[PDB]
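Residue numbers (PDB author numbering), protein chains in the order written: chain B, 0 to 251; chain A, 0 to 251.
What follows is a single structure, written as structure tokens, with notes after it.
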């Protein structure tokens with residue numbers, strides 16, 4: 000609650016949490032959650048904590064339509080999450096305490112991060128992608144998003160989600176926009192260091208997508224964590240966050 | 000009949016004018032203006048009038064950051080203009096008076112129209128593009144946007160415009176997203192009828208871009224008005240509007 004911060008994007012309020020090390024000058028990471036998640040998953044909090052222990056500040060926001068941020072979930076698109084990310088980047092870049100800026104994203108957040116870094120390759124210093132969900136485009140082209148199915152050529156106004164996500168409804172604009180989203184093309188513009196982290200037992204996102212990220216980036220590392228799942232649950236959590244912190248540890 | 004209307008997009012209010020013919024049921028054209036213009040240029044008003052005389056309703060809205068609508072001009076991008084367009088399309092589609100939906104765009108409005116129709120190819124019935132400003136991507140890659148120059152690899156936060164737009168600043172995000180915008184790839188997905196109208200004397204947008212539209216569209220016509228300029232001025236205004244109305248005529 001001391002950590003609570005808010006910014007505006009187009010008349011929507013985005014709510015986040017800021018973590019800071021002691022001192023007057025520090026690097027900062029923008030940490031981005033995935034589709035249907037929020038800013039306070041175990042993994043994102045572990046990443047924020049490890050970064051803080053290395054003198055790296057962080058902010059983690061709920062994207063529009065998620066958690067405490069404004070907007071209906073059905074009005075969210077990957078594109079306006081990128082716009083959210085840009086508002087956050089304005090906030091961070093304007094801060095007098097902040098030196099270098101990093102992007103960290105998990106699952107769909109990894110797509111937002113990767114594309115935001117492709118739009119700001121001269122500003123973002125380093126990027127970490129954890130199980131980036133670049134599958135979401137092919138999923139949308141197949142008519143199957145998180146087990147919910149629909150006609151990929153007659154996308155209805157809204158598609159109700161299934162399973163653990165019963166009450167919620169994904170927007171048709173999200174699906175139509177995901178079908179044509181230039182994920183790898185825009186991400187490729189980033190030539191600074193990237194670490195990609197994925198689990199060999201990822202059942203949600205085929206790790207061939209993580210591999211393709213590693214292929215197209217001029218300057219990447221790929222970290223296949225043996226037997227890790229998509230969520231990096233259990234001990235995998237600490238592995239992922241550790242790799243993240245190792246990669247972002249500044250040579251101040 | 001004319002009336003002022005408003006809709007919400009992401010917490011911003013968009014203001015427009017709705018124009019209706021005799022009767023309670025009609026086709027509806029969404030008319031989109033260009034960069035730094037507004038919903039009431041001479042050409043847009045002439046189009047709305049000719050459509051009404053042809054039994055076709057229309058709405059024309061100020062995009063965010065323009066005219067009477069909310070938002071700062073420097074926070075506008077082509078992407079949130081497409082999002083504005085989607086909100087307008089929602090309003091028209093659910094309107095009980097409406098039969099078929101047409102998009103009509105001028106200059107940058109033509110880019111928004113063409114991309115929106117590519118995302119809603121099963122919903123929009125016809126498209127008219129008037130001097131679509133597909134050049135804006137190449138301009139952004141060259142660092143020269145309507146007389147204002149900048150380093151295309153170190154895009155500043157804002158770029159002050161020059162000339163008759165001397166007071167205003169385009170946002171850096173507008174230029175960064177302009178550089179990677181998949182204009183033709185997305186627009187191509189529209190296979191229903193398109194009419195492209197351009198002046199042979201267009202100094203702002205090279206007519207090869209109109210020709211490229213006509214080439215990628217499966218089902219299009221190209222109308223090169225001899226000696227017309229970019230802002231279809233003087234007599235050319237009434238020709239551009241006529242070609243627009245003729246394409247959208249109900250065909251009794």
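Think of the CB as a built atom: it goes at the ideal place given N, C-alpha and C, for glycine as much as any other residue.
Within 8 Å, strictly: CB atoms of residue 9 of chain A and residue 247 of chain B: Not closer than 8 Å, so no.
Bridge partners - residue 168 of chain B, DSSP secondary structure assignment: Answer is B:159.
Residue 106 of chain A beta carbon near the ligand NAD (any heavy atom closer than 7 Å): In terms of ligand content, the structure shown is empty, and the ligand NAD therefore cannot be addressed.
Terminal residues of the beta strand (DSSP E) in which residue 2 of chain A lies: Note, residue 2 of chain A: beta strand (DSSP E), 1-8.
Assigned secondary structure, residue 26 of chain A (DSSP; H/G/I helix, E/B strand, else coil): Strand.
Host beta strand (DSSP E) of residue 99 of chain A (start-end): Per DSSP, residue 99 of chain A belongs to the beta strand (DSSP E) from 97-105.
Interface partners of residue 10 of chain B on chain A, CB under 8 Å: Result: 9, 10, 11, 69, 70.
Length of the line joining the Cα atoms of residue 45 of chain B and residue 226 of chain B: Residue 45 of chain B and residue 226 of chain B: Cα-Cα distance of roughly 20 Å.
Test item: CB-CB of residue 133 of chain A and residue 110 of chain A under 8 Å: At the C-beta level, residue 133 of chain A and residue 110 of chain A come within 8 Å of one another.
Sheet register partners of residue 218 of chain A (DSSP bridge): Bridge partners of residue 218 of chain A: none, in fact.
For residue 144 of chain A, the residue or residues it bridges with in DSSP: Its beta-bridge partners are A:147.
Segment contact flag, the region 16-29 of chain A with the region 41-59 of chain A, C-beta cutoff 8 Å, min 3 pairs: With the rule of 3 Cβ pairs closer than 8 Å, the region 16-29 of chain A counts as touching the region 41-59 of chain A.
Cutoff 6 Å; reference residue 222 of chain B; Cβ partners in own chain excluding five residues on either side: Cβ neighbours of residue 222 of chain B beyond the five flanking positions: 196, 242.
Cβ pair residue 24 of chain A, residue 98 of chain A closer than 8 Å: With contacts defined as CB atoms closer than 8 Å, residue 24 of chain A and residue 98 of chain A qualify as a contacting pair.
Exposure of residue 7 of chain A, with buried meaning 16 or more beta-carbon neighbours within 10 Å: By the neighbour-count rule (16 or more Cβ atoms within 10 Å), residue 7 of chain A is not buried but exposed.
Residues within the region 169-203 of chain A neighbouring chain B, beta-carbon criterion of under 8 Å: Residues passing the 8 Å Cβ filter: 172, 175, 176, 179, 181, 184, 185, 188.
Per-residue DSSP class, three states only, for residue 129 of chain B: In the structure shown, the three-state DSSP call for residue 129 of chain B is strand.
Min CB distance residue 39 of chain A to chain B below 8 Å: Taking CB atoms only, residue 39 of chain A has no neighbour in chain B less than 8 Å away.
Residue 118 of chain A vs residue 176 of chain B beta-carbon contact at 8 Å: With respect to the 8 Å criterion, residue 118 of chain A and residue 176 of chain B are classified as neighbours on the basis of their beta carbons.
Limits of the unbroken alpha helix (DSSP H) element including residue 237 of chain B: Counted as a single uninterrupted DSSP element, the alpha helix (DSSP H) harbouring residue 237 of chain B occupies residues 234-247.
Same chain, Cβ closer than 7 Å to residue 74 of chain A, neighbours up to 5 away in sequence not counted: Closer than 7 Å at the Cβ level, and outside the excluded window around residue 74 of chain A, lie 64, 170.
Residues that residue 12 of chain B bridges to, as DSSP identifies them: The bridge partners DSSP lists for residue 12 of chain B are B:7.
Test item: CB-CB of residue 106 of chain B and residue 130 of chain B under 8 Å: Result yes, Cβ atoms of residue 106 of chain B and residue 130 of chain B sit closer than 8 Å.
Complete beta strand (DSSP E) runs within the region 48-85 of chain B (minimum length 3 residues, chain order): Runs of the beta strand (DSSP E) lying entirely within the region 48-85 of chain B, each at least 3 residues long, are 55-60 in chain order.
The region 99-124 of chain B: positions lying closer than 8 Å to chain A by Cβ: Of all residues in the region 99-124 of chain B, 117, 118, 119, 121 have a Cβ within less than 8 Å of some Cβ in chain A.
Residues near residue 153 of chain B in its chain [Cβ-Cβ closer than 7 Å; skip 5 each side]: Taken in chain order, the list of residues that qualify is empty.
Closer than 7 Å at the beta carbon, the chain B residues around residue 153 of chain A: In chain order: 121.
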